[PDB]
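*Asks:* Model the structure of this input:
(one chain, ligands or ions: 4)
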Amino acid sequence: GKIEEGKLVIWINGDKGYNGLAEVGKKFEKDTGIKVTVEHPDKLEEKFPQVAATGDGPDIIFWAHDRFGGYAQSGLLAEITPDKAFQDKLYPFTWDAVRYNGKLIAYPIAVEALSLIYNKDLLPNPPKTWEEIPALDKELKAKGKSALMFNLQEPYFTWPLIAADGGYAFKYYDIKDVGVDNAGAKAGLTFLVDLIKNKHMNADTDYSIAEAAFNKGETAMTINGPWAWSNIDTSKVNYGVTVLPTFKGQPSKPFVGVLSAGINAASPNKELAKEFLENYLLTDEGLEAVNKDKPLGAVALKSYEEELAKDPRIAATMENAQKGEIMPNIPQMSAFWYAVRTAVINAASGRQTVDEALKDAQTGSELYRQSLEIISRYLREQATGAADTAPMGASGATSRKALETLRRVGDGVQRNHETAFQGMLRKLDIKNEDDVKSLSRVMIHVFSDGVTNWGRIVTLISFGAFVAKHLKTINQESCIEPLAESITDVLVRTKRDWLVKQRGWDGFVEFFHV
Ligand SMILES: OC[C@H]1O[C@H](O[C@H]2[C@H](O)[C@@H](O)[C@@H](O)O[C@@H]2CO)[C@H](O)[C@@H](O)[C@@H]1O
Ligand SMILES: O=C(O)c1sc2cc(F)ccc2c1Cl
Ligand SMILES: [Cl-]
Ligand SMILES: [Mg+2]
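*Replies:* Numbering: from 1, shown residues only. Ligands and ions are numbered 1, 2, ... in the order given. Find the structure here:
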């Protein structure tokens, strides 16, 4: 393979204590003679699936648990198999965050939740509600200070406020049911936009800018995680850590993250990675080394969390955590976060209204589950000849109308392309499920190679249905679902922005309206 044997390459995010992780890597290297190299690559969450998909990258990947299901679904992660005794050392709910389709896919490291961080010298008694912040800012502005600054370039920091009055990602599961553009999410984001409009916040504010302003004593409040406390210590700001403000009487609900360590599927050092993580990192001395660099929050190791739990900053973290919710690790979390990131930024800058911004994020977040439902039902009914009598569910009218339209249009497309599809199927060799995997690599390169329209999308799906029929014919009907997922994955990954612009399958329905 591409990844070197007899070495350990570890990737972790730049806001985390990588120097302390490196210290742990030095202890491993001292004992074993095996080199350990810690890196903190830019845009790590995107760079890992890119390089791992080619069989390259690090042996160990660090991130919050939410993106690991996507990595697993893409076959980028090795199943981890700790013994019972090691499992019993970590909190059961942390293992839950790294379980995907029955299988553990990472070692949970620490529980991360956003808190309100405030300057005691400027703000002795921090606001219990979001609604008193504008007035609080006015008071402070008279003294040369602002009330609140936090990163507005990542939806992670804004999500507590969005979710406060009833906003949610995926109902808890029902992945089809998405609450990104409901009334509560709209209210939450609207308040945020008004803070900006009324000059209480700046739309351009990011992580560095916010951190800098707070640690320089310029703003009385920031919103951040445990990892940030180190820099505030160095700045000597008299700071406190408390519960996030409420919005409309309801608690802010931070989407809780579990920093986890995964093992590259293509790593030839899986046993080494296992030794490092279990016997060097997930120890009292291991977790402390990292914690002393940048705080981890509430760690998964029971023995060490018992000592840290006494810290009122940790207690506050867990208080915010208990009011929020653990992230899903479903594969389309990446799409969700991207959709919401854009929505928050576009609303903040005025590029979009809150209503339209959230609608798009709603469509983006629905896109994979909506598309799979239609494509899977179409391929299955084309193969067997009989429709699925099961209710569509959430939405519902969109799924049903899109399938009707796909049937009508797809019939003429399959008839006309029958000779072309026969030729394409013979050129490939789809005998079993092992061959379905290869298909996506051929589709993705070809289908993304021109101007997009609904016509080409129907052709793709129709070839899907054609292959589905063939699979049933040769007694490989079990492959129809993986095929539908592969086609769906290709469609939604390569044409995401186009599809959103088209208002998703509503556009497909309208375009072919008879
Ligand atoms: O903003 C979207 C982003 O949210 C979370 O990322 C967090 C991460 O969990 C924290 O440990 C810390 O590094 O802050 C990040 C936000 O900048 C999700 O984990 C991530 O997948 C998502 O893209
Ligand atoms: O991108 C497109 O429009 C086309 S043309 C074509 C021909 C085939 F035999 C199979 C798929 C396909 C696809 Cl997608
Ligand atoms: Cl989960
Ligand atoms: Mg729209």
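*Asks:* contacts and neighbour counts: CA atoms only from here.
*Replies:* Will do.
*Asks:* how far out from the middle of the chain is the top strand by length along the chain?
*Replies:* Using DSSP state E, we find that the single longest strand of the chain is strand 255-263. Remark: strand 255-263 is offset 11 Å from the chain centroid, using CA atoms, centre = their mean, to the nearest Å.
*Asks:* quick one: that strand near ligand 3?
*Replies:* No. Residues of strand 255-263 contacting ligand 3 under CA under 5 Å from the ion: none, with a closest distance of 9.9 Å.
*Asks:* Only C-alpha atoms, please: export that strand in PDB.
*Replies:* Coordinates of the C-alpha atoms in strand 255-263 are reproduced here as PDB (Å, rounded to 0.1, in the frame of the first residue of the first chain):
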ATOM      1  CA  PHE A 255     -24.500  19.900  19.500                       C
ATOM      2  CA  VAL A 256     -22.300  17.800  21.600                       C
ATOM      3  CA  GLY A 257     -19.100  16.300  20.200                       C
ATOM      4  CA  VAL A 258     -16.900  13.300  21.100                       C
ATOM      5  CA  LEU A 259     -13.300  13.700  20.000                       C
ATOM      6  CA  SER A 260     -12.500  10.300  18.700                       C
ATOM      7  CA  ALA A 261      -9.500   8.500  17.200                       C
ATOM      8  CA  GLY A 262     -10.000   6.300  14.100                       C
ATOM      9  CA  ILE A 263      -7.700   3.900  12.300                       C
END
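*Asks:* what packs against it?
*Replies:* Contact partners of strand 255-263 among helices and strands, from 3 or more CA pairs under 8 Å, 6 or more residues apart in numbering; DSSP states H and E: strand 60-64, strand 107-112, helix 155-164, strand 325-326.
*Asks:* tell me what the strand or helix carrying residue 414 is packed against?
*Replies:* Using DSSP states H and E, residue 414 maps to helix 397-416. Under the contact criterion of 3+ CA pairs under 8 Å, 6+ apart, helix 397-416 touches helix 354-384, helix 454-473, helix 505-511.
*Asks:* re earlier: which of the helices and strands packed on strand 255-263 is buried the deepest?
*Replies:* Greatest average neighbour count among the helices and strands packed on strand 255-263 goes to strand 107-112 (a mean of 27), per mean count of other CA atoms under 10 Å.
*Asks:* quick one: that one to chain centroid distance?
*Replies:* Offset of strand 107-112 from its chain centre (CA atoms, centre = their mean): 16 Å.
*Asks:* So is that strand next to ligand 1?
*Replies:* No. Using CA under 6 Å from any ligand atom, strand 107-112 stays clear of ligand 1, with a minimum separation of 6.5 Å.
*Asks:* That strand pairs with which strands, parallel or anti?
*Replies:* Paired neighbours of strand 107-112 in the sheet (DSSP bridges): strand 255-263 (antiparallel), strand 298-299 (antiparallel).
*Asks:* Which helix or strand lies directly C-terminal to the first one?
*Replies:* Where DSSP H and E defines the elements, the next helix or strand beyond strand 255-263 is helix 270-276.
*Asks:* Contacts only, for residue 292.
*Replies:* By CA atoms under 8 Å, 6 or more residues apart in numbering, residue 292 lies in contact with 17, 20.
*Asks:* can you redo the strands paired with strand 107-112 as TSV with mean neighbour count and distance to residue 409?
*Replies:* Below are these laid out as TSV (neighbours: other CA atoms under 10 Å; distance: least, CA to CA, whole Å):
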stretch	mean neighbour count	distance to residue 409
strand 255-263	26	42
strand 298-299	26	55
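*Asks:* Please name whichever of those is nearest to ligand 2.
*Replies:* The closest of the strands paired with strand 107-112 to ligand 2 is strand 255-263. By CA to the nearest ligand atom, the value is 34.3 Å.
*Asks:* For ligand 1, find the nearest of the strands paired with strand 107-112.
*Replies:* strand 255-263 (5.3 Å).
*Asks:* Next, the angle from the closest one to helix 155-164.
*Replies:* Here strand 255-263 runs at an angle of 140 degrees relative to helix 155-164 (axes from the mean of the first three to the mean of the last three CA atoms, to 10 degrees).
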